[PDB]
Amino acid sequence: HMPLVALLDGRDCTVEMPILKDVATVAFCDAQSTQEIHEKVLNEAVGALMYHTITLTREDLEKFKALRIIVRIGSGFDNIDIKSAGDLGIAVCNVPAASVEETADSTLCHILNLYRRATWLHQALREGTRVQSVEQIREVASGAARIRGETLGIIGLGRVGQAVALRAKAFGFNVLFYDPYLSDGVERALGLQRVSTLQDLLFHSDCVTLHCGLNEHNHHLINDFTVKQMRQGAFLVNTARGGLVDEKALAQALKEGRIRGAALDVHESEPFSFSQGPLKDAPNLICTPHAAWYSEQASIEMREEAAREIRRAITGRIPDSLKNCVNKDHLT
(Lines of atoms letter the chains of each structure in order from A and count residues from 1; the text may use other names and numbers.)
(Lines give C-alpha, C1' and ligand atoms only; values in the text may rest on other atoms or scores of the structure.)
Protein backbone atom coordinates (compact mmCIF):
# COMPACT_ATOMS: atom_id res chain seq x y z
CA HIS A 1 0.00 0.00 0.00
CA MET A 2 0.89 3.69 -0.04
CA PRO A 3 1.62 5.95 2.94
CA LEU A 4 -1.54 7.61 4.25
CA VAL A 5 -1.68 11.41 4.37
CA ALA A 6 -4.67 13.16 5.92
CA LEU A 7 -6.07 16.69 5.72
CA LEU A 8 -7.03 17.07 9.38
CA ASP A 9 -9.12 20.26 9.48
CA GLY A 10 -10.37 20.45 5.90
CA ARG A 11 -12.29 18.73 3.13
CA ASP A 12 -10.86 20.03 -0.15
CA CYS A 13 -7.71 18.31 -1.41
CA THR A 14 -8.05 18.98 -5.15
CA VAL A 15 -5.02 21.26 -5.37
CA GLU A 16 -2.73 18.78 -3.61
CA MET A 17 -3.59 15.49 -5.26
CA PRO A 18 -1.94 15.99 -8.66
CA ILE A 19 1.23 16.36 -6.60
CA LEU A 20 0.62 13.43 -4.22
CA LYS A 21 -1.18 10.94 -6.48
CA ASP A 22 1.65 8.44 -6.99
CA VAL A 23 3.14 8.93 -3.50
CA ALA A 24 0.39 8.72 -0.85
CA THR A 25 -3.25 7.91 -0.21
CA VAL A 26 -4.89 11.24 0.64
CA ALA A 27 -7.97 11.51 2.87
CA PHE A 28 -9.67 14.31 4.80
CA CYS A 29 -11.37 14.46 8.19
CA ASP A 30 -12.91 17.96 8.37
CA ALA A 31 -12.37 17.79 12.14
CA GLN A 32 -12.19 20.68 14.60
CA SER A 33 -10.41 18.34 17.05
CA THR A 34 -8.71 14.97 17.29
CA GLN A 35 -11.99 13.67 18.74
CA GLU A 36 -13.47 13.91 15.23
CA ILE A 37 -10.54 12.13 13.54
CA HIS A 38 -11.29 8.46 12.90
CA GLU A 39 -8.83 6.02 14.46
CA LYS A 40 -7.91 4.70 11.01
CA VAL A 41 -5.95 7.91 10.43
CA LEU A 42 -4.65 8.01 14.01
CA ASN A 43 -3.15 4.53 13.54
CA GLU A 44 -1.88 4.57 9.94
CA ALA A 45 -1.40 8.24 9.01
CA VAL A 46 2.22 8.86 7.99
CA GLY A 47 1.79 12.49 6.92
CA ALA A 48 -0.67 15.20 7.95
CA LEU A 49 -1.83 18.47 6.39
CA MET A 50 -3.60 21.01 8.58
CA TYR A 51 -4.54 24.68 8.78
CA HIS A 52 -5.19 26.83 11.86
CA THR A 53 -8.60 25.61 13.05
CA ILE A 54 -7.40 22.45 14.85
CA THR A 55 -4.79 22.55 17.60
CA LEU A 56 -2.51 19.62 18.45
CA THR A 57 -1.25 19.21 22.01
CA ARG A 58 1.15 16.59 23.30
CA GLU A 59 -1.94 14.55 24.17
CA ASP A 60 -3.26 14.92 20.62
CA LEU A 61 0.14 14.08 19.12
CA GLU A 62 0.58 10.92 21.21
CA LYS A 63 -2.63 9.52 19.66
CA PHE A 64 -0.92 9.22 16.25
CA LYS A 65 0.88 5.87 16.10
CA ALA A 66 2.70 6.29 12.77
CA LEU A 67 2.72 10.03 12.00
CA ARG A 68 6.12 11.29 10.87
CA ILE A 69 5.52 14.71 9.24
CA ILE A 70 3.08 17.56 9.86
CA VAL A 71 2.89 20.34 7.26
CA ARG A 72 0.99 23.47 8.27
CA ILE A 73 -0.65 24.97 5.17
CA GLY A 74 0.29 28.48 6.23
CA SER A 75 2.92 30.59 7.95
CA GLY A 76 1.83 30.33 11.59
CA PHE A 77 2.27 27.13 13.59
CA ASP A 78 1.37 28.27 17.12
CA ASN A 79 -1.48 25.73 17.09
CA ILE A 80 1.04 22.84 17.19
CA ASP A 81 3.27 21.73 20.07
CA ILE A 82 6.35 21.50 17.87
CA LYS A 83 8.50 20.86 20.96
CA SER A 84 6.79 17.60 21.93
CA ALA A 85 6.07 16.74 18.30
CA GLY A 86 9.83 16.69 17.80
CA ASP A 87 10.11 14.58 20.95
CA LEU A 88 7.70 12.00 19.49
CA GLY A 89 9.78 12.09 16.29
CA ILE A 90 7.37 14.22 14.24
CA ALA A 91 8.81 16.93 12.01
CA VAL A 92 6.71 20.09 11.64
CA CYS A 93 6.93 22.45 8.66
CA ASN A 94 5.04 25.51 7.40
CA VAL A 95 4.57 27.65 4.28
CA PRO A 96 5.94 31.09 5.18
CA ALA A 97 6.05 33.04 1.89
CA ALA A 98 2.70 32.46 0.18
CA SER A 99 0.70 35.24 1.87
CA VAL A 100 3.32 37.75 3.05
CA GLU A 101 2.34 40.65 0.79
CA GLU A 102 -1.34 39.67 1.01
CA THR A 103 -1.20 40.04 4.79
CA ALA A 104 0.69 43.34 4.55
CA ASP A 105 -1.87 44.74 2.12
CA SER A 106 -4.76 43.76 4.40
CA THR A 107 -2.83 45.36 7.25
CA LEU A 108 -2.45 48.65 5.37
CA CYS A 109 -6.15 48.51 4.44
CA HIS A 110 -7.00 48.11 8.12
CA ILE A 111 -4.65 50.96 9.06
CA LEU A 112 -6.18 53.18 6.38
CA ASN A 113 -9.67 52.12 7.46
CA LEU A 114 -8.89 53.44 10.95
CA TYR A 115 -7.31 56.73 9.87
CA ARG A 116 -9.88 57.33 7.10
CA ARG A 117 -12.90 55.61 8.71
CA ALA A 118 -13.82 54.33 5.24
CA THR A 119 -15.45 51.14 6.52
CA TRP A 120 -17.32 53.03 9.24
CA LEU A 121 -18.44 55.72 6.79
CA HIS A 122 -19.75 52.94 4.54
CA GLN A 123 -21.69 51.18 7.30
CA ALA A 124 -23.21 54.52 8.32
CA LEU A 125 -24.35 55.04 4.73
CA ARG A 126 -26.14 51.68 4.56
CA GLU A 127 -27.78 52.49 7.90
CA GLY A 128 -29.43 55.56 6.35
CA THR A 129 -27.31 58.46 7.61
CA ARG A 130 -27.89 61.53 5.43
CA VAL A 131 -24.71 63.58 4.94
CA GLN A 132 -25.77 66.74 3.09
CA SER A 133 -23.83 69.63 4.65
CA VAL A 134 -20.12 70.19 5.16
CA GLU A 135 -20.71 70.27 8.93
CA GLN A 136 -22.38 66.86 8.73
CA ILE A 137 -19.40 65.42 6.83
CA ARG A 138 -17.03 66.53 9.59
CA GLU A 139 -19.45 64.99 12.09
CA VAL A 140 -19.98 61.49 10.66
CA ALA A 141 -16.34 61.36 9.58
CA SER A 142 -15.27 62.62 13.02
CA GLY A 143 -11.95 61.13 14.08
CA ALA A 144 -10.39 60.90 10.61
CA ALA A 145 -6.80 62.10 10.96
CA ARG A 146 -3.87 63.10 8.78
CA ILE A 147 -1.32 60.34 8.31
CA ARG A 148 1.89 62.21 7.47
CA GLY A 149 3.88 62.72 10.66
CA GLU A 150 2.08 59.90 12.45
CA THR A 151 4.32 57.28 14.05
CA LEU A 152 3.48 53.67 13.19
CA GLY A 153 4.87 51.16 15.68
CA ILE A 154 5.64 47.72 14.29
CA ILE A 155 5.94 44.81 16.73
CA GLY A 156 7.88 42.11 14.91
CA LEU A 157 9.90 43.12 11.85
CA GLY A 158 9.77 39.81 10.01
CA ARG A 159 8.69 39.13 6.45
CA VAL A 160 5.23 40.66 6.83
CA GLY A 161 6.46 43.37 9.19
CA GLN A 162 9.05 44.53 6.67
CA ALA A 163 6.49 44.66 3.86
CA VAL A 164 4.24 46.66 6.19
CA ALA A 165 7.10 49.05 6.99
CA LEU A 166 7.98 49.67 3.34
CA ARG A 167 4.35 50.42 2.46
CA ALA A 168 3.81 52.57 5.56
CA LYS A 169 6.69 54.88 4.60
CA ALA A 170 4.99 55.71 1.29
CA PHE A 171 2.14 57.35 3.24
CA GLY A 172 4.34 59.68 5.29
CA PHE A 173 4.30 57.38 8.32
CA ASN A 174 7.31 57.51 10.63
CA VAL A 175 7.75 53.79 11.24
CA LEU A 176 9.22 52.37 14.44
CA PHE A 177 9.75 48.67 15.17
CA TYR A 178 10.52 46.52 18.20
CA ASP A 179 12.04 43.09 17.51
CA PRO A 180 14.19 41.66 20.34
CA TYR A 181 15.43 38.81 18.10
CA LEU A 182 16.83 40.68 15.08
CA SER A 183 20.57 41.21 14.88
CA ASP A 184 22.18 44.62 15.18
CA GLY A 185 21.87 46.92 12.18
CA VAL A 186 18.65 45.67 10.58
CA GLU A 187 17.21 49.17 11.01
CA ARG A 188 20.07 50.75 9.04
CA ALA A 189 19.53 48.50 6.01
CA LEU A 190 15.84 49.41 5.69
CA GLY A 191 16.03 53.04 6.84
CA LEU A 192 13.78 52.56 9.87
CA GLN A 193 13.97 53.53 13.54
CA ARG A 194 14.27 50.80 16.17
CA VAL A 195 13.45 50.66 19.88
CA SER A 196 14.75 48.40 22.63
CA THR A 197 11.67 47.84 24.81
CA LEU A 198 8.04 47.15 24.05
CA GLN A 199 7.21 50.11 26.29
CA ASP A 200 9.27 52.44 24.08
CA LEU A 201 7.37 51.19 21.02
CA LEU A 202 3.99 51.79 22.66
CA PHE A 203 5.07 55.14 24.12
CA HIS A 204 5.96 56.66 20.73
CA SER A 205 3.50 55.05 18.30
CA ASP A 206 0.22 56.66 17.29
CA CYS A 207 -0.87 53.30 15.84
CA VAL A 208 0.46 49.87 16.84
CA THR A 209 0.28 46.88 14.49
CA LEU A 210 1.25 43.36 15.51
CA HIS A 211 3.30 41.18 13.15
CA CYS A 212 4.93 38.69 15.53
CA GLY A 213 4.39 34.98 15.86
CA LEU A 214 2.63 33.55 18.89
CA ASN A 215 5.32 31.89 21.01
CA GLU A 216 5.65 30.81 24.64
CA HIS A 217 6.88 34.28 25.69
CA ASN A 218 4.53 36.82 24.06
CA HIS A 219 1.08 35.52 25.02
CA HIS A 220 -1.16 38.48 25.86
CA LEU A 221 1.63 40.84 24.82
CA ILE A 222 -1.02 43.58 24.74
CA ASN A 223 -2.50 43.27 28.24
CA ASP A 224 -4.00 45.54 30.89
CA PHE A 225 -0.49 46.62 31.88
CA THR A 226 1.02 47.20 28.42
CA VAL A 227 -2.23 48.78 27.22
CA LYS A 228 -1.70 51.58 29.75
CA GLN A 229 1.69 52.26 28.11
CA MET A 230 0.13 53.22 24.76
CA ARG A 231 -0.56 56.77 23.63
CA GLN A 232 -3.91 58.40 24.37
CA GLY A 233 -6.27 57.58 21.52
CA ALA A 234 -3.89 55.17 19.80
CA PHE A 235 -4.76 52.63 17.10
CA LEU A 236 -4.37 48.86 17.35
CA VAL A 237 -4.06 46.54 14.34
CA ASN A 238 -3.62 42.78 14.60
CA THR A 239 -3.30 40.46 11.60
CA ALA A 240 -0.89 38.14 13.43
CA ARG A 241 -2.53 36.05 16.17
CA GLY A 242 -5.48 36.67 18.46
CA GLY A 243 -3.61 35.11 21.38
CA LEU A 244 -1.32 38.15 21.42
CA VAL A 245 -3.99 40.56 22.72
CA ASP A 246 -6.04 40.44 25.93
CA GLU A 247 -9.45 41.22 24.44
CA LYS A 248 -10.97 42.01 27.83
CA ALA A 249 -8.22 44.56 28.45
CA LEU A 250 -8.71 45.92 24.92
CA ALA A 251 -12.50 45.98 25.30
CA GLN A 252 -12.32 48.33 28.29
CA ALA A 253 -9.74 50.51 26.52
CA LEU A 254 -12.08 51.06 23.56
CA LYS A 255 -15.04 51.80 25.85
CA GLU A 256 -13.11 54.38 27.88
CA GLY A 257 -11.57 55.94 24.76
CA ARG A 258 -7.97 55.17 25.73
CA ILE A 259 -7.75 53.45 22.33
CA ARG A 260 -9.58 55.34 19.59
CA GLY A 261 -10.02 52.27 17.38
CA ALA A 262 -8.92 48.71 16.74
CA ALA A 263 -8.75 46.60 13.57
CA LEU A 264 -8.51 42.85 14.14
CA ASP A 265 -8.29 39.98 11.65
CA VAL A 266 -7.48 37.46 14.42
CA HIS A 267 -9.05 36.90 17.83
CA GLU A 268 -8.57 34.90 21.01
CA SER A 269 -11.59 32.76 20.07
CA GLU A 270 -12.48 31.97 16.46
CA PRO A 271 -14.70 31.98 14.56
CA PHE A 272 -15.29 35.55 15.76
CA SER A 273 -18.78 36.74 16.68
CA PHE A 274 -19.90 40.26 17.56
CA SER A 275 -22.42 38.77 20.02
CA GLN A 276 -19.97 36.58 21.99
CA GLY A 277 -16.59 37.27 23.55
CA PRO A 278 -15.05 40.11 25.56
CA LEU A 279 -15.60 42.40 22.55
CA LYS A 280 -19.41 42.08 22.57
CA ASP A 281 -20.06 45.78 23.23
CA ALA A 282 -16.68 47.26 22.28
CA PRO A 283 -16.98 50.46 20.20
CA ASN A 284 -14.83 51.61 17.28
CA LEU A 285 -14.06 48.05 16.21
CA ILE A 286 -13.34 46.66 12.74
CA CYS A 287 -13.04 42.89 12.37
CA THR A 288 -12.34 40.50 9.49
CA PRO A 289 -12.79 36.70 9.77
CA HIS A 290 -9.09 35.77 9.64
CA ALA A 291 -8.80 36.51 5.92
CA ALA A 292 -5.76 38.82 5.79
CA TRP A 293 -3.80 35.94 4.22
CA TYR A 294 -6.21 34.81 1.52
CA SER A 295 -5.75 35.36 -2.18
CA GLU A 296 -6.59 32.94 -4.96
CA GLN A 297 -2.91 32.87 -5.95
CA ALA A 298 -1.79 32.58 -2.33
CA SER A 299 -4.26 29.80 -1.53
CA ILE A 300 -3.11 27.73 -4.52
CA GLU A 301 0.53 28.69 -3.90
CA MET A 302 0.63 27.48 -0.29
CA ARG A 303 -1.38 24.31 -0.96
CA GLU A 304 0.91 23.18 -3.78
CA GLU A 305 4.02 24.00 -1.73
CA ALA A 306 2.71 22.08 1.28
CA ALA A 307 1.88 19.14 -0.99
CA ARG A 308 5.46 19.16 -2.28
CA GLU A 309 6.83 19.33 1.27
CA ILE A 310 4.75 16.26 2.12
CA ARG A 311 6.13 14.58 -1.00
CA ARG A 312 9.73 15.39 -0.07
CA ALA A 313 9.18 13.89 3.39
CA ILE A 314 7.80 10.61 2.03
CA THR A 315 10.38 10.03 -0.73
CA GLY A 316 13.38 11.66 0.95
CA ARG A 317 15.19 11.71 4.30
CA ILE A 318 13.70 13.51 7.31
CA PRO A 319 14.43 16.21 8.07
CA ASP A 320 17.17 16.99 5.55
CA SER A 321 14.95 16.85 2.46
CA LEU A 322 12.40 19.16 4.08
CA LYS A 323 12.51 22.80 3.00
CA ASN A 324 10.62 24.66 5.77
CA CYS A 325 10.80 22.41 8.83
CA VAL A 326 10.57 24.50 12.00
CA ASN A 327 11.31 21.91 14.72
CA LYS A 328 14.65 20.42 13.68
CA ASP A 329 15.85 21.61 17.09
CA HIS A 330 13.51 19.24 18.95
CA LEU A 331 13.27 16.48 16.33
CA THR A 332 14.91 13.30 17.63
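All residue numbers refer to positions in the sequence shown, first residue = 1.
Comparing 83-91 with 191-199, the higher mean C-alpha B-factor in the PDB entry belongs to 83-91. Of the two segments, 181-189 and 166-174, the one listed with the higher mean B-factor is 181-189 (C-alpha atoms only). For the set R117, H217, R159, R148, the maximum C-alpha B-factor listed in the entry falls on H217.
Annotation for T103, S205, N223, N238: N223 ranks highest, by Cα B-factor.
Per the deposited record, the Cα B-factor of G128 falls in the highest third when ranked against the other modelled residues of its chain.
In the PDB entry, a CA B factor belonging to the highest third of its chain's modelled residues is recorded for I318. Split the chain's modelled residues into thirds by C-alpha temperature factor. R68 is in the highest one. In the PDB entry, a CA B factor belonging to the middle third of its chain's modelled residues is recorded for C287.
Among all modelled residues in its chain, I19 ranks in the middle third by Cα B-factor.
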